[PDB]
Amino acid sequence: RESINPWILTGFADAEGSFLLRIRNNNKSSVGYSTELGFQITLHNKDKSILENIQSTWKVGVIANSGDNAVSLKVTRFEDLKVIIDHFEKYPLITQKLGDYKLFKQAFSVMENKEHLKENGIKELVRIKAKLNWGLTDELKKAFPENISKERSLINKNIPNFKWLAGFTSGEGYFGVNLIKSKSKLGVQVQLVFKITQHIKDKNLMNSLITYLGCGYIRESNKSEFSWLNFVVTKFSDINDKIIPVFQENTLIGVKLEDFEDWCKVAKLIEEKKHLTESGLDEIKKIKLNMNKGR
DNA sequence: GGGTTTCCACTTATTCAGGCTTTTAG
DNA sequence: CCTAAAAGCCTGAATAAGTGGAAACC
Ligand SMILES: [Ca+2]
Ligand SMILES: [Ca+2]
């Protein structure tokens, strides 16, 4: 169907994309390892069309099921990777994932000169993979004995524009309708909530949201051993006047679009004080039921 | 052809999205 | 007293990242 604005695309990849470099034991390879390089996105089935539009925008990649409930877009065909490079050179990433892209590129050149079929290029590919995503396996590090660094330059870049923010929010954003139960007359207080979730490795980027959007807080949550951040807006006037207009102008993608539109219906109802009426409260309840999980 | 590339079927760990309730502001 | 905003959690799962297997190519 329709193509995706390239800056929205980059934001969405900052959210959901990942670069891949496979260094696999291969009895039939002159150096004992074969390699595969690429970029991929894995989403719930409900958003297959997103992956289709990306496929249509770049004219690369392969779409396949990924279990019962996910579907993926994988670009590993070597020449097609040039498209990938050309995109992220012209519309660059800004999360720590940019580091991963910079390693992707570095592997590309190694495989472009065909060095990956010789001892030296394979060794270089191990030294690149050591710093990419989750790094080397135990058996792969024990098979290239040398002292290989895993550390890398932290990325520290600013939000480039509202298109990137629409892509990244389409990925990580949350448009909630919180029904605050109260033993009161009307009972439920309606509270529109905006969240963007992201790991602490990108603190400064989340921080910048406060000033980039002119509203919100940054709060930490955790689960036993892990911790992540939320950018949160709950003051209604920030939402109706600063948050909604931004995504009015820079339209979101995936089913999350429908969640934002519904969120906007309830936000208008709230502007008209109609959430203070049983009539209203009820229409809001119905709207919340068929949005997000209820959809 | 024999290495090597590309594609499919699938799996795992965990950071997201999503949701509650209670407490505080103003 | 009344409603709005914020604090305080807590999970399930959609992500991120990864693998085995083999067809297909060059
Ligand atoms: Ca992400
Ligand atoms: Ca998402």
Side-chain angles (χ1 to χ4, degrees), chain A residues 12-26 28-47 61-72 74-81 95 97 100 111 114 116-117 129 132-135 137 169-180 184 186-202 215-217 219-222 226-230 232-239 254-256 259 270 273 275-276 288 291-295:
Chain A
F12 197 77
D14 254 324
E16 323 281 39
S18 60
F19 297 89
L20 62 112
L21 169 58
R22 317 181 58 174
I23 300 181
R24 308 171 60 181
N25 267 317
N26 207 337
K28 291 189 195 66
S29 294
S30 307
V31 68
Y33 298 93
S34 51
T35 69
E36 188 179 5
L37 174 61
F39 165 89
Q40 61 172 334
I41 301 163
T42 297
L43 308 177
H44 185 300
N45 282 340
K46 65 181 76 166
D47 281 323
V62 156
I63 297 208
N65 296 315
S66 183
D68 310 320
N69 287 125
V71 53
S72 73
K74 294 171 186 267
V75 195
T76 70
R77 189 175 275 277
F78 188 75
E79 277 296 306
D80 292 351
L81 296 188
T95 60
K97 182 166 306 174
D100 294 303
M111 300 177 72
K114 301 296 177 141
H116 63 290
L117 319 170
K129 177 171 175 72
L132 170 77
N133 301 338
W134 295 348
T137 62
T169 299
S170 296
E172 323 284 46
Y174 172 46
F175 302 102
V177 187
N178 202 34
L179 302 190
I180 302 193
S184 98
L186 187 52
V188 166
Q189 169 205 353
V190 174
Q191 175 184 39
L192 289 185
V193 180
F194 178 69
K195 281 191 202 175
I196 288 173
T197 325
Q198 188 87 348
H199 183 279
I200 306 185
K201 80 172 71 155
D202 278 305
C215 57
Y217 309 101
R219 301 285 180 253
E220 164 149 345
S221 331
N222 46 20
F226 312 91
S227 62
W228 60 94
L229 303 176
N230 280 284
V232 180
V233 178
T234 47
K235 182 168 87 191
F236 169 94
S237 64
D238 288 336
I239 287 181
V255 302
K256 194 184 290 312
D259 299 326
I270 284 176
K273 300 302 179 176
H275 70 288
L276 314 176
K288 157 159 171 168
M291 85 186 283
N292 295 341
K293 307 270 206 52
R295 190 178 308 273

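Letters A, B, ... are given to chains in the order of the sequence lines, protein chains preceding strands, and every chain is numbered from 1.
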Per the atom types in the model, does the base of [N] pair as donor or acceptor with the side chain of [X] at under 3.5 Å?
X	N	result
A:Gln189	C:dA5	yes
A:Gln191	C:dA6	yes
A:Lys74	C:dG18	yes
A:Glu220	C:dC9	no
A:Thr35	B:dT5	no
A:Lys293	B:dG19	no

Less than 4.0 angstrom between a side-chain N/O of [X] and OP1 or OP2 of [N], yes or no?
X	N	value
A:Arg24	C:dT19	no
A:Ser29	B:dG3	no
A:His116	B:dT5	yes
A:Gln198	B:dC16	yes
A:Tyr174	B:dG19	yes
A:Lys46	B:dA17	no
A:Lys256	B:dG18	yes
A:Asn178	B:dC20	no
A:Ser30	B:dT4	yes
A:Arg22	C:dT19	no

What does [X] touch in the nucleic acid at a heavy-atom separation under 4.0 angstrom: a base, only the sugar-phosphate, or nothing?
X	value
A:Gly176	nothing
A:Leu43	sugar-phosphate
A:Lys195	base

Write down the distance between CD (A:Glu36) and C1' (C:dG18), rounded to a whole number of angstrom.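 The answer, rounded to whole Å, is 11 Å.
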To the nearest angstrom, how far is A:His275 atom NE2 from C:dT3 atom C1'?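 Rounding to the nearest Å, NE2 of A:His275 and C1' of C:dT3 are 8 Å apart.
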Toward the 5' end of DNA chain B, by each residue's nearest nucleotide, A:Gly61 or A:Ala15: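 Mapping each residue to its closest nucleotide by heavy atoms, the 5'-most match is A:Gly61.
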Determine yes or no for a side-chain-to-main-chain donor-acceptor pair under 3.5 angstrom, with A:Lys97 supplying the side chain and A:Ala13 the backbone.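 Yes: the side chain of A:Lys97 pairs with the backbone of A:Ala13.
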